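For the numbers below, each heavy atom of this structure counts, side chains included, while hydrogens, waters and symmetry mates do not. Residue numbers run from 1 in the order of the sequence given. Counting starts at 1 for both ligands and their atoms, in listed order.
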Amino acid sequence: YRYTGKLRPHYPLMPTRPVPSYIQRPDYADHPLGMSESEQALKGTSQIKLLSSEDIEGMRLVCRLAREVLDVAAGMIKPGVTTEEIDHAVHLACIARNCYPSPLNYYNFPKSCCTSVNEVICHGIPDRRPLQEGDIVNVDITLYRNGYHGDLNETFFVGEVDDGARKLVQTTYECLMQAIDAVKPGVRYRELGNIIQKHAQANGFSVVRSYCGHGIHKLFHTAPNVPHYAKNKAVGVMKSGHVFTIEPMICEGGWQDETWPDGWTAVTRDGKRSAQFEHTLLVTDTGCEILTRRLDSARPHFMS
Ligand SMILES: CC(C)(C)C(=O)Nc1cccnc1C(=O)Nc1nccs1
Ligand SMILES: [Co+2]
Ligand SMILES: [Co+2]
Ligand SMILES: [Co+2]
Ligand SMILES: [K+]
């Protein structure tokens, strides 16, 4: 395999971390290939669930807990810390909150969260590589509690970073917030991509096309599929009660992506950097509720 940039996987990975049996597990948790029958039982369907009061309270809770766990990871970002150390803390934080770390064994994903450094677009596997000064790293968190999944992610700076990194991360967050600002009943899901690409393109960046936002609730990934690029064929119209994510991945160079031999790590084909931000949203009558919002601060960690 010909790597696209300077990053390389750092094996071996510590033995799989166990989750106490008292924590409720999703269906794929114990599947040999990590397959989700409940999810596949809807694969291909474009119909979108309309959550009930019970579902909404369930989503508000797991999403709040997921934010708490991302904040734990955020406090560990610094030169010298390995992504595996971050994952360990995330794993323990999920357990402490009586939640199962959704990524664990999801289609056999080996860890409890995704850590994506520099050219890694998404799904980076926490490993033995120490974070280096100047790196940017995204931590994507998803928790499962009482049958519901809560999903969010942020890109962080490791020590001081160059202007290019600052601009990429800042623009990516702005893309996310502009998209969220347009969410309300009646808006087509395909519209978000137009908003995102417009801003990314205006700043000299490209939008990843292989991965999209997604519905989430009793399932980790389900309808609707939400592309982040312009003129897409996304199917569906927003309605009060819908819950989904917007998680744009923006790149310094081209948008082309490819996967590492591990079957998960997605990287830019040109080896340039990529950043991402994500929130789980609940469409309301007046717009939308950002279920994964930070509660003790009006801004994401990178502007600190
Ligand atoms: C079923 C699947 C793994 C092929 C899939 O559609 N998957 C998907 C789509 C869009 C975004 N994200 C994912 C995903 O898995 N994300 C993960 N995060 C942590 C472990 S697996
Ligand atoms: Co994912
Ligand atoms: Co996510
Ligand atoms: Co997501
Ligand atoms: K990255």
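A side-chain contact (heavy atoms from CB on, under 4.5 Å) with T222 holds for exactly one of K43, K49, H149, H217; it is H217. Exactly one of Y106, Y211, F109 qualifies for a ring-ring contact (aromatic ring centres under 6.0 Å, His included) with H123. That residue is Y211.
Protein contacts to the K ion (ligand 5) involving N, O or S atoms at a distance below 3.4 Å are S116 O, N118 O, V120 O, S274 O.
In this structure, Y189 has its ring center closer than 6.0 angstrom to the ring center of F244. The aromatic ring centroids of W264 and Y107 lie 6.0 Å or more from each other.
For ligand 1, the atoms sitting less than 4.0 Å from at least one non-hydrogen atom of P103 are 19 (C), 20 (C), numbered in the order shown with element in parentheses. If you number the atoms of ligand 1 from 1 as listed, the ones under 4.0 Å from a heavy atom of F109 come out as 20 (C).
Contact of the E154 side chain with the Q276 side chain is not registered, since no non-hydrogen atoms from C-beta on lie closer than 4.5 Å. For the pair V19/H91, a side-chain contact is recorded, criterion being any heavy-atom separation below 4.5 Å from C-beta on.
Ligand 1 has a nitrogen or oxygen under 3.5 angstrom from a nitrogen or oxygen of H123. For a threshold of 3.5 Å applied to N or O pairs, the pair formed by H221 and ligand 1 contains at least one separation below that value.
Counting only heavy atoms of the protein, atom 1 (C) of ligand 1 lies nearest to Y107 CE1, 3.7 Å. With respect to atom 15 (O) of ligand 1, the closest heavy atom belonging to the protein is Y106 CE2, 3.3 Å. For atom 19 (C) of ligand 1, the nearest protein heavy atom (residue, atom name, distance) is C114 SG, 3.2 Å.
Inclusion of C114 in the first shell of the Co ion (ligand 2) is not supported: no N, O or S atom falls under 2.8 Å.
Counting heavy atoms of neighbouring residues, nucleotides and ligands inside a 6.0 Å radius, atom CE of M14 does not exceed 12 of them. Crowding of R128 atom CZ: a count of heavy atoms from other residues, nucleotides or ligands under 6.0 Å not exceeding 12.
Between the side chains of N105 and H31, not a single donor N or O lies within less than 3.5 Å of an accepting N or O.
Between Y211 and ligand 1 there is no heavy-atom distance shorter than 4.0 Å.
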